[PDB]
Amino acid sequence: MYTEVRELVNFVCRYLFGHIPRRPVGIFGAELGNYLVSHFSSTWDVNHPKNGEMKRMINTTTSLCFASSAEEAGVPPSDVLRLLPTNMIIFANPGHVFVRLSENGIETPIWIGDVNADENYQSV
């Protein structure tokens, strides 16, 4: 769960790095991940990754979570939304984070791993 959410968050933040200063991007990412980890928890079944998949997916054009995380970071939501591609759908299931661009029929695997990877979440 934590692993997947982090990879999702960083994917989104990679549109922001270099454009928006480091500290508010960090706060934006933190708040986004907190929203996601709570919004995901109710359906996260590592024994059936696709279960709740469509309940968990977010849209860069219609999900409120991007604007709300931006406000928390003291960043005008228009600044983030200008930098994020439109009509981009992002999925996070146990072991699999990926994004689809319906405008072009392209999918990108953001992360694939063990559904129990949290066992070594930020370990050394």
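We number the residues from 1 along the sequence you see.
- For the two regions 71-79 and 24-32, the entry's Cα B-factors average higher over 71-79.
- When the two stretches 35-43 and 91-99 are set side by side, the higher mean Cα temperature factor goes to 35-43.
- Among the modelled residues of the chain, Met1 sits in the middle third by CA temperature factor in this PDB entry.
- Placement of the Cα temperature factor of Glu7 within the chain: lowest third of the modelled residues, per the deposited record.
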